[PDB]
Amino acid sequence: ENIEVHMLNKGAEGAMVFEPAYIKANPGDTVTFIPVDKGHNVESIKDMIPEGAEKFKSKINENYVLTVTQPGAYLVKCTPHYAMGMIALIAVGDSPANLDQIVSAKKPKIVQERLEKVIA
């Protein structure tokens, strides 16, 4: 199955957001990222993707289709707006083994605060 995600300047959680910011998927699913507003992309955060997953980075303003294989948690960001809290959490399969590690990792406070809310 496919899950559509919008990249917006302003959404429910404030400025610079991914909607939804919490994506539940299974191996083989696709996640389609649509930059509804310009100035956004999607990029995997180093050490915040499952062991064995492929690192990825889309072009600013491009529709990006990500195929998810490896089970686990993935924290993606918008390159330009990471520091403003523009992130999404992809959970592939049940009980992602690296989720606690990701929650604990060093990241901007705003990011930290948005992550804590998506998880809740």
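Start at 1 and count along the sequence shown; that's the residue number.
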Practice item. Give the stretch, out of 75-83 and 34-42, with the larger mean C-alpha temperature factor in the deposited entry. Key: 34-42
**Study point:** Mean C-alpha temperature factor, higher of 46-54 and 85-93
**Key:** 46-54
Review point. Looking at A105, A21, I110, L99, which has the highest CA B-factor as recorded?
Key: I110
Revision key, fill the gap. Among the modelled residues of its chain, the C-alpha B-factor of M7 falls in the third labelled lowest
